[PDB]
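K.L.:
This is the content of structure07.tsv (TSV, C-alpha atoms (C1' of nucleotides) and all ligand atoms):
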```
chain	number	residue	atom	x	y	z
M	1	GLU	CA	-42.94	-233.24	-10.59
M	2	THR	CA	-46.42	-233.65	-12.14
M	3	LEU	CA	-48.20	-230.53	-11.10
M	4	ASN	CA	-46.46	-228.23	-13.45
M	5	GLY	CA	-45.53	-231.02	-16.00
M	6	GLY	CA	-46.99	-230.02	-19.45
M	7	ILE	CA	-45.55	-226.66	-18.68
M	8	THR	CA	-42.13	-227.70	-18.03
M	9	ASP	CA	-42.59	-229.99	-20.86
M	10	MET	CA	-43.66	-227.59	-23.60
M	11	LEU	CA	-40.91	-225.27	-22.37
M	12	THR	CA	-38.51	-228.09	-23.06
M	13	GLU	CA	-39.79	-228.68	-26.71
M	14	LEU	CA	-39.45	-224.95	-27.16
M	15	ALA	CA	-35.96	-224.67	-25.67
M	16	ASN	CA	-34.89	-227.70	-27.56
M	17	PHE	CA	-36.07	-226.43	-30.74
M	18	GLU	CA	-34.31	-223.04	-30.25
M	19	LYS	CA	-30.93	-224.39	-29.95
M	20	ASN	CA	-31.28	-227.25	-32.59
M	21	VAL	CA	-33.16	-225.58	-35.46
M	22	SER	CA	-32.71	-221.96	-34.90
M	23	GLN	CA	-29.47	-221.16	-33.47
M	24	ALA	CA	-31.08	-219.50	-30.41
M	25	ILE	CA	-28.73	-220.39	-27.60
M	26	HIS	CA	-30.06	-217.48	-25.72
M	27	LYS	CA	-33.63	-218.27	-26.16
M	28	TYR	CA	-33.01	-221.79	-25.85
M	29	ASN	CA	-31.13	-221.26	-22.67
M	30	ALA	CA	-34.10	-219.05	-21.69
M	31	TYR	CA	-36.80	-221.85	-21.77
M	32	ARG	CA	-34.47	-223.84	-19.79
M	33	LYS	CA	-33.99	-221.98	-16.57
M	34	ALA	CA	-37.72	-221.38	-17.02
M	35	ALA	CA	-38.73	-225.03	-17.01
M	36	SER	CA	-36.25	-225.47	-14.18
M	37	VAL	CA	-37.92	-222.96	-11.87
M	38	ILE	CA	-41.55	-223.96	-12.57
M	39	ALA	CA	-40.21	-227.44	-11.91
M	40	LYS	CA	-39.26	-226.58	-8.40
M	41	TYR	CA	-42.42	-224.51	-8.04
M	42	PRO	CA	-44.50	-225.92	-5.27
M	43	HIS	CA	-47.91	-224.97	-6.62
M	44	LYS	CA	-50.30	-225.39	-9.46
M	45	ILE	CA	-49.61	-222.83	-12.01
M	46	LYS	CA	-52.94	-221.48	-12.75
M	47	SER	CA	-52.06	-218.60	-15.08
M	48	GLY	CA	-49.23	-216.91	-16.84
M	49	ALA	CA	-49.26	-213.84	-14.70
M	50	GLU	CA	-48.78	-216.17	-11.78
M	51	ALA	CA	-45.85	-217.73	-13.40
M	52	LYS	CA	-44.45	-214.52	-14.48
M	53	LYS	CA	-43.91	-213.87	-10.88
M	54	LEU	CA	-41.16	-216.30	-11.09
M	55	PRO	CA	-37.54	-215.44	-12.04
M	56	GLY	CA	-36.53	-216.53	-15.50
M	57	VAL	CA	-40.13	-215.88	-16.13
M	58	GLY	CA	-40.83	-213.21	-18.48
M	59	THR	CA	-43.59	-212.00	-20.65
M	60	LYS	CA	-43.20	-214.26	-23.68
M	61	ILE	CA	-43.10	-217.31	-21.70
M	62	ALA	CA	-46.01	-216.14	-19.68
M	63	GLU	CA	-47.87	-215.70	-22.88
M	64	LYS	CA	-47.25	-219.20	-23.96
M	65	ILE	CA	-48.19	-220.64	-20.61
M	66	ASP	CA	-51.42	-218.83	-20.86
M	67	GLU	CA	-52.33	-220.14	-24.29
M	68	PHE	CA	-51.24	-223.55	-23.25
M	69	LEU	CA	-53.26	-223.41	-20.09
M	70	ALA	CA	-56.00	-221.65	-22.01
M	71	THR	CA	-56.10	-224.44	-24.70
M	72	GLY	CA	-54.75	-228.01	-24.78
M	73	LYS	CA	-51.96	-226.81	-26.97
M	74	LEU	CA	-49.70	-224.17	-28.34
M	75	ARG	CA	-49.57	-222.86	-32.01
M	76	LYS	CA	-45.80	-222.49	-32.35
M	77	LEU	CA	-45.37	-225.95	-30.95
M	78	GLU	CA	-47.88	-227.20	-33.31
M	79	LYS	CA	-46.37	-225.39	-36.33
M	80	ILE	CA	-42.76	-226.76	-35.34
M	81	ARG	CA	-44.09	-230.44	-35.03
M	82	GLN	CA	-45.11	-230.48	-38.69
M	83	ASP	CA	-42.34	-228.48	-40.29
M	84	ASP	CA	-40.32	-230.76	-42.37
M	85	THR	CA	-37.13	-228.85	-41.93
M	86	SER	CA	-37.61	-228.97	-38.21
M	87	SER	CA	-38.21	-232.71	-38.28
M	88	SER	CA	-35.25	-233.09	-40.49
M	89	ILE	CA	-32.74	-231.90	-38.07
M	90	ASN	CA	-34.25	-233.83	-35.21
M	91	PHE	CA	-33.75	-236.99	-37.21
M	92	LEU	CA	-30.42	-236.48	-38.92
M	93	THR	CA	-29.07	-235.64	-35.60
M	94	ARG	CA	-29.90	-239.20	-34.60
M	95	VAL	CA	-26.82	-240.37	-36.41
M	96	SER	CA	-23.70	-240.66	-34.36
M	97	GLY	CA	-21.36	-238.04	-35.65
M	98	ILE	CA	-24.11	-235.78	-36.95
M	99	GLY	CA	-24.84	-232.96	-34.57
M	100	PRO	CA	-27.20	-229.98	-35.25
M	101	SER	CA	-24.63	-227.95	-36.93
M	102	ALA	CA	-24.12	-230.53	-39.41
M	103	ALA	CA	-27.80	-231.47	-39.44
M	104	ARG	CA	-28.51	-227.97	-40.83
M	105	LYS	CA	-25.89	-228.06	-43.62
M	106	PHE	CA	-27.22	-231.38	-44.76
M	107	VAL	CA	-30.70	-230.25	-44.99
M	108	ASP	CA	-29.89	-227.22	-46.76
M	109	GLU	CA	-28.31	-229.40	-49.22
M	110	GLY	CA	-31.45	-231.30	-49.24
M	111	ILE	CA	-30.23	-234.40	-47.35
M	112	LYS	CA	-33.01	-235.25	-45.11
M	113	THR	CA	-33.30	-238.89	-44.92
M	114	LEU	CA	-31.31	-242.08	-44.43
M	115	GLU	CA	-31.39	-242.70	-48.06
M	116	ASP	CA	-30.15	-239.16	-48.66
M	117	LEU	CA	-27.40	-239.97	-46.44
M	118	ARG	CA	-26.30	-243.13	-48.15
M	119	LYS	CA	-26.42	-241.51	-51.48
M	120	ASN	CA	-24.24	-238.88	-50.20
M	121	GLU	CA	-21.83	-240.90	-48.25
M	122	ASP	CA	-19.12	-238.86	-49.74
M	123	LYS	CA	-20.21	-235.89	-47.56
M	124	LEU	CA	-19.94	-237.78	-44.35
M	125	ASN	CA	-16.70	-238.16	-42.47
M	126	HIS	CA	-15.45	-241.39	-40.82
M	127	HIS	CA	-17.44	-241.25	-37.60
M	128	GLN	CA	-20.56	-240.16	-39.44
M	129	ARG	CA	-20.06	-242.94	-41.74
M	130	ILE	CA	-19.86	-245.49	-39.18
M	131	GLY	CA	-22.68	-243.82	-37.39
M	132	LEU	CA	-24.75	-244.46	-40.55
M	133	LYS	CA	-23.67	-247.98	-41.19
M	134	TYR	CA	-24.65	-248.83	-37.59
M	135	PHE	CA	-27.85	-246.73	-37.21
M	136	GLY	CA	-30.07	-249.61	-36.28
M	137	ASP	CA	-27.54	-251.42	-34.01
M	138	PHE	CA	-26.76	-248.10	-32.58
M	139	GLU	CA	-30.07	-247.42	-31.13
M	140	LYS	CA	-30.67	-250.93	-29.79
M	141	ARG	CA	-30.31	-251.14	-26.08
M	142	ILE	CA	-27.68	-253.53	-24.65
M	143	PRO	CA	-29.09	-256.30	-22.50
M	144	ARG	CA	-27.00	-257.25	-19.41
M	145	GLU	CA	-26.79	-260.72	-20.70
M	146	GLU	CA	-24.42	-259.52	-23.46
M	147	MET	CA	-22.98	-256.98	-21.16
M	148	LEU	CA	-21.52	-259.74	-18.93
M	149	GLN	CA	-20.22	-261.62	-22.00
M	150	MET	CA	-18.53	-258.46	-23.32
M	151	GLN	CA	-17.21	-257.49	-20.04
M	152	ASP	CA	-15.89	-260.99	-19.75
M	153	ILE	CA	-13.86	-260.73	-22.82
M	154	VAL	CA	-12.50	-257.24	-22.36
M	155	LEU	CA	-11.25	-258.10	-18.98
M	156	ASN	CA	-9.57	-261.31	-20.06
M	157	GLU	CA	-7.66	-259.67	-22.81
M	158	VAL	CA	-6.68	-256.75	-20.74
M	159	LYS	CA	-5.30	-259.16	-18.33
M	160	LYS	CA	-3.36	-260.88	-21.02
M	161	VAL	CA	-1.45	-257.91	-22.11
M	162	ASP	CA	-0.58	-256.88	-18.58
M	163	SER	CA	-1.28	-258.26	-15.16
M	164	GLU	CA	-0.96	-254.86	-13.67
M	165	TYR	CA	-3.90	-253.52	-15.69
M	166	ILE	CA	-6.97	-252.50	-13.77
M	167	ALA	CA	-10.15	-252.31	-15.78
M	168	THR	CA	-13.62	-251.44	-14.70
M	169	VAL	CA	-17.00	-251.28	-16.32
M	170	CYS	CA	-18.82	-248.43	-14.95
M	171	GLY	CA	-22.27	-247.19	-15.87
M	172	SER	CA	-25.61	-248.68	-14.97
M	173	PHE	CA	-24.14	-252.07	-15.79
M	174	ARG	CA	-22.19	-251.44	-12.67
M	175	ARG	CA	-25.28	-250.13	-10.84
M	176	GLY	CA	-27.27	-253.31	-11.53
M	177	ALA	CA	-29.17	-252.11	-14.66
M	178	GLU	CA	-30.79	-254.76	-16.89
M	179	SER	CA	-29.62	-253.17	-20.09
M	180	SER	CA	-27.28	-250.46	-21.12
M	181	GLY	CA	-26.85	-248.09	-23.96
M	182	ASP	CA	-23.12	-248.53	-24.56
M	183	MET	CA	-19.99	-250.07	-22.80
M	184	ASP	CA	-17.79	-247.85	-20.62
M	185	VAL	CA	-14.39	-248.97	-19.47
M	186	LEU	CA	-12.15	-247.19	-16.91
M	187	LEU	CA	-8.62	-248.04	-17.20
M	188	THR	CA	-5.48	-247.62	-15.28
M	189	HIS	CA	-2.20	-249.01	-14.67
M	190	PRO	CA	0.23	-248.58	-11.70
M	191	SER	CA	2.79	-247.14	-13.97
M	192	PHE	CA	0.46	-244.20	-14.68
M	193	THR	CA	-0.32	-241.36	-12.47
M	194	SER	CA	-0.83	-237.64	-11.97
M	195	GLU	CA	2.90	-236.73	-12.33
M	196	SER	CA	4.09	-239.81	-14.27
M	197	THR	CA	4.65	-238.35	-17.63
M	198	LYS	CA	2.65	-240.27	-20.09
M	199	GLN	CA	2.59	-243.72	-21.47
M	200	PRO	CA	0.18	-243.75	-24.40
M	201	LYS	CA	1.03	-247.32	-25.23
M	202	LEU	CA	-0.77	-248.09	-22.06
M	203	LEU	CA	-4.07	-247.39	-23.86
M	204	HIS	CA	-3.04	-248.41	-27.40
M	205	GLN	CA	-1.67	-251.78	-26.37
M	206	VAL	CA	-5.03	-252.91	-25.19
M	207	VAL	CA	-6.97	-251.48	-28.09
M	208	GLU	CA	-4.90	-253.50	-30.31
M	209	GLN	CA	-5.51	-256.76	-28.57
M	210	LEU	CA	-9.18	-255.99	-28.68
M	211	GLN	CA	-9.10	-255.79	-32.40
M	212	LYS	CA	-6.58	-258.62	-32.47
M	213	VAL	CA	-9.21	-260.98	-31.38
M	214	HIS	CA	-11.94	-258.93	-33.18
M	215	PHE	CA	-13.93	-257.63	-30.42
M	216	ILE	CA	-13.21	-254.17	-31.61
M	217	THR	CA	-14.71	-253.50	-34.98
M	218	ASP	CA	-14.09	-249.91	-35.89
M	219	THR	CA	-12.38	-246.84	-34.39
M	220	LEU	CA	-14.43	-243.60	-33.90
M	221	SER	CA	-11.73	-241.72	-32.25
M	222	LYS	CA	-8.52	-242.82	-30.83
M	223	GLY	CA	-6.48	-240.35	-28.75
M	224	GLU	CA	-3.86	-241.03	-26.17
M	225	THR	CA	-6.24	-241.51	-23.34
M	226	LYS	CA	-9.60	-241.95	-24.77
M	227	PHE	CA	-10.82	-244.25	-27.26
M	228	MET	CA	-14.23	-244.27	-28.95
M	229	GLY	CA	-15.16	-247.35	-30.84
M	230	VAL	CA	-17.37	-250.21	-31.95
M	231	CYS	CA	-17.33	-253.79	-30.78
M	232	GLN	CA	-18.99	-257.09	-31.26
M	233	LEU	CA	-19.65	-260.41	-29.66
M	234	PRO	CA	-18.59	-263.13	-31.90
M	235	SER	CA	-21.42	-264.49	-33.81
M	236	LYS	CA	-21.36	-268.10	-32.43
M	237	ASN	CA	-22.56	-270.89	-34.60
M	238	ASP	CA	-23.89	-268.69	-37.42
M	239	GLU	CA	-27.58	-267.90	-37.54
M	240	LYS	CA	-27.46	-265.18	-34.91
M	241	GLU	CA	-24.81	-262.48	-35.11
M	242	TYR	CA	-24.75	-259.62	-32.68
M	243	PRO	CA	-25.47	-256.01	-32.95
M	244	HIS	CA	-22.72	-253.58	-33.11
M	245	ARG	CA	-22.07	-251.69	-29.94
M	246	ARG	CA	-20.70	-248.40	-28.88
M	247	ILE	CA	-17.71	-248.78	-26.64
M	248	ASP	CA	-15.26	-246.55	-24.95
M	249	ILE	CA	-12.15	-247.04	-23.04
M	250	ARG	CA	-10.20	-244.38	-21.15
M	251	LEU	CA	-6.87	-244.40	-19.45
M	252	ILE	CA	-6.60	-242.85	-16.01
M	253	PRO	CA	-3.65	-242.35	-13.78
M	254	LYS	CA	-3.80	-244.86	-11.05
M	255	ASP	CA	-3.83	-241.95	-8.51
M	256	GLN	CA	-7.40	-240.87	-9.33
M	257	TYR	CA	-9.07	-244.04	-10.43
M	258	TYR	CA	-11.61	-244.59	-7.62
M	259	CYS	CA	-12.95	-241.05	-7.76
M	260	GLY	CA	-13.35	-241.71	-11.39
M	261	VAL	CA	-14.83	-245.16	-10.95
M	262	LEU	CA	-17.21	-243.80	-8.43
M	263	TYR	CA	-18.04	-240.84	-10.40
M	264	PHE	CA	-18.62	-242.73	-13.61
M	265	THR	CA	-20.84	-245.22	-11.82
M	266	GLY	CA	-23.44	-242.65	-10.85
M	267	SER	CA	-26.27	-242.21	-10.65
M	268	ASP	CA	-26.16	-238.47	-11.12
M	269	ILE	CA	-28.35	-238.27	-8.03
M	270	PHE	CA	-26.10	-240.47	-5.99
M	271	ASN	CA	-23.21	-238.21	-6.89
M	272	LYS	CA	-24.80	-235.02	-5.98
M	273	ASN	CA	-26.03	-236.24	-2.67
M	274	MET	CA	-22.75	-237.79	-1.96
M	275	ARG	CA	-21.15	-234.61	-3.28
M	276	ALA	CA	-23.18	-232.44	-0.95
M	277	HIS	CA	-22.60	-234.58	2.11
M	278	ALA	CA	-18.84	-234.70	1.31
M	279	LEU	CA	-19.05	-230.95	1.60
M	280	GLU	CA	-20.66	-231.02	4.99
M	281	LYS	CA	-18.06	-233.47	6.23
M	282	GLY	CA	-15.52	-230.66	5.33
M	283	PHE	CA	-14.70	-232.02	1.80
M	284	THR	CA	-14.87	-231.81	-1.90
M	285	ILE	CA	-15.27	-234.19	-4.68
M	286	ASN	CA	-15.11	-234.23	-8.45
M	287	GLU	CA	-14.41	-236.74	-11.10
M	288	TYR	CA	-10.64	-237.02	-10.03
M	289	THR	CA	-10.12	-236.35	-6.35
M	290	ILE	CA	-11.29	-235.73	-2.84
M	291	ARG	CA	-9.95	-232.72	-1.08
M	292	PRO	CA	-10.05	-231.61	2.48
M	293	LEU	CA	-11.91	-228.27	2.67
M	294	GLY	CA	-10.13	-225.35	4.36
M	295	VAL	CA	-12.15	-222.71	6.08
M	296	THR	CA	-10.82	-219.47	4.47
M	297	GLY	CA	-13.55	-220.10	1.93
M	298	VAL	CA	-12.06	-223.04	0.11
M	299	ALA	CA	-8.82	-224.98	-0.19
M	300	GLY	CA	-7.28	-228.27	-1.47
M	301	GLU	CA	-4.68	-231.11	-1.31
M	302	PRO	CA	-5.62	-234.53	-2.74
M	303	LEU	CA	-6.71	-237.00	-0.22
M	304	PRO	CA	-5.23	-240.47	-0.84
M	305	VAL	CA	-7.64	-243.12	-2.25
M	306	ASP	CA	-6.91	-246.90	-2.66
M	307	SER	CA	-10.63	-247.86	-3.20
M	308	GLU	CA	-14.21	-246.59	-3.38
M	309	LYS	CA	-14.15	-247.37	0.31
M	310	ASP	CA	-11.43	-244.82	0.96
M	311	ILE	CA	-13.71	-242.13	-0.34
M	312	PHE	CA	-16.86	-242.83	1.70
M	313	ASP	CA	-14.67	-243.34	4.80
M	314	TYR	CA	-13.43	-239.84	4.34
M	315	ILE	CA	-16.84	-238.40	4.19
M	316	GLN	CA	-17.63	-240.86	6.94
M	317	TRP	CA	-20.42	-242.62	5.16
M	318	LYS	CA	-22.04	-245.99	4.67
M	319	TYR	CA	-20.16	-247.97	1.95
M	320	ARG	CA	-22.61	-248.27	-0.82
M	321	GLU	CA	-22.79	-251.34	-2.96
M	322	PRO	CA	-23.09	-250.13	-6.46
M	323	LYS	CA	-26.56	-251.38	-6.60
M	324	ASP	CA	-27.91	-248.95	-3.99
M	325	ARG	CA	-26.07	-246.15	-5.56
M	326	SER	CA	-29.32	-245.30	-7.18
M	327	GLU	CA	-30.29	-242.06	-5.53
W	1	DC	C1'	-12.91	-232.65	-21.84
W	2	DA	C1'	-10.55	-234.85	-25.55
W	3	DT	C1'	-10.58	-235.85	-30.47
W	4	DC	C1'	-11.27	-234.77	-35.35
W	5	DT	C1'	-11.78	-231.84	-39.31
W	6	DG	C1'	-10.68	-228.73	-42.49
Q	1	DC	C1'	-6.35	-222.55	-35.33
Q	2	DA	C1'	-12.09	-222.51	-34.13
Q	3	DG	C1'	-15.52	-225.14	-33.92
Q	4	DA	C1'	-17.99	-229.61	-33.84
Q	5	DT	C1'	-19.23	-234.04	-31.58
Q	6	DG	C1'	-19.61	-237.18	-27.87
S	401	NA	NA	-25.90	-237.32	-33.39
S	402	NA	NA	-16.46	-216.67	-31.77
```
Show this structure as structure tokens.
P.N.:
Amino acid sequence: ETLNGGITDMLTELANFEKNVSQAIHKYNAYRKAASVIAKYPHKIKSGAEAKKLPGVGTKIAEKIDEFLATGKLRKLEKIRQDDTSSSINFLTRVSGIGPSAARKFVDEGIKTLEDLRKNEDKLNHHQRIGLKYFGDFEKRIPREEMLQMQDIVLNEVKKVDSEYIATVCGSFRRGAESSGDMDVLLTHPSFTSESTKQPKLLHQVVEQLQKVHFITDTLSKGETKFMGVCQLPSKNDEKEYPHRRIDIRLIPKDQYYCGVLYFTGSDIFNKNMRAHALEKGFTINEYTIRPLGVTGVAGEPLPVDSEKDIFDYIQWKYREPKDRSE
DNA sequence: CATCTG
DNA sequence: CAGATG
């Protein structure tokens, strides 16, 4: 956690770079299990050879650990930190819609900067375009104070369209968090479940309203269950307009809402732990359901959940306010 | 995993 | 359709 830090750290720069600049999924994937194991490693890695001893730990890595331990740095890591092309990709990638894949193509076309990007707006697709228009706004954290305002609206409108709608704002906003990165809404309606063959309108109807009143600014992707967009709190009495914010809304059959709600709420750590205990208690849990575990190895059969309460109860645990859902 | 692109 | 992004 801080004994073998720099090590796990450099390993990460390295793995990251593999995958993003080179195509090196293997290699990349290599550094990864590597940093994972040294991570768990209970001692102070004093040499490569020592490390080597570990699984996932081969010769090349060993080599690097040595040099790193040997000297406050690593050459390759130094060489990669300068490299314009390397930096290029790390940056372009910052744009929503631009991934690595694309980041390469661009660079090899010589698009490296923001300006490059504007100039070549023709090469970008819708998402990427938006992604570029909202670069700044996009990176700006979302303070809870707006969060609550947003949430307020979304909920009101959803209600308007249908009283039977059940919306929830998961994420850290849900966990207490003072700011968030984007807005995540879990949606369901009684009329929608596991078997119930579709009802796309269910999602589309709301989306509409959201743009009706202008909360929703642009559409990133709009499928029949998942929507990826942009929103914005009405700039009041003009002088201070708001940033644009990432927002998503997803339909979910009523019959697997809570697992979802739970799940989406996190934290990752809370999940796991809860996930593991569930398991002891003779259960299983994933994003959609809770199933009673048979003994023949495994087994299933969706346990019935009417709340987040229903879940814990099953696994016979202490109902956790979202706030203490931390770890 | 679900959506988009081409 | 594979293949990219989130
Ligand atoms: Na990106
Ligand atoms: Na292939």
K.L.:
Using all atoms listed in the file, find the residues of chain M whose closest atom to chain Q is at most 12 Å away, then write them as a ChimeraX atom specification.
P.N.:
/M:93,95-103,125,127-128,131,220-221,226-229,246-248
K.L.:
Please identify all residues of chain W having at least one atom at most 9 Å from any atom of chain M, considering only C-alpha atoms (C1' of nucleotides), and return them as a list in words.
P.N.:
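The complete set of qualifying residues is residues 2, 3, 4 and 5 of chain W.
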K.L.:
Would you mind listing what lies within 12 Å of residue M:260 as an MDAnalysis selection string, with all atoms listed in the file counted and same-chain residues fewer than 2 positions away left out?
P.N.:
chainID M and resid 167:171 184:188 250:258 262:266 271 285:290 305 307:308 311
K.L.:
Quick one: everything within 10 Å of residue M:216, counting all atoms listed in the file, minus sequence neighbours fewer than 4 positions away in the same chain. Send it as a PyMOL selection string.
P.N.:
chain M and resi 154+207-212+229-233+244-247
K.L.:
Ranking M:122, M:145, M:21, M:259 by minimum distance to residue M:107 and counting all atoms listed in the file, which one comes first?
P.N.:
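Checking each of M:122, M:145, M:21, M:259 against residue M:107, counting all atoms listed in the file, the winner is M:21.
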K.L.:
Between atom CA of residue M:153 and atom CA of residue M:134, measure the distance and give it in Å to one decimal.
P.N.:
21.8 Å
K.L.:
Separation of atom CA of residue M:66 and atom CA of residue M:46, in Å?
P.N.:
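Separation between atom CA of residue M:66 and atom CA of residue M:46: 8.7 Å.
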K.L.:
Could you give me, as a list in words, the residues within 9 Å of residue M:86, counting all atoms listed in the file and dropping anything in the same chain fewer than 6 positions from it?
P.N.:
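Counting all atoms listed in the file, the residues come to residues 17, 20, 21 and 80 of chain M.
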K.L.:
In Å, rounded to a single decimal, give me how far atom CA of residue M:180 is from atom CA of residue M:165.
P.N.:
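Separating atom CA of residue M:165 from atom CA of residue M:180 is a distance of 24.2 Å.
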K.L.:
Around stretch 1-11 of chain M, with edges along x, y and z and 4 Å added on all six sides, what centre and edge lengths do you get, in Å to one decimal, as AutoDock Vina command-line options?
P.N.:
```
--center_x -44.6 --center_y -229.5 --center_z -17.1 --size_x 15.3 --size_y 16.4 --size_z 21.0
```
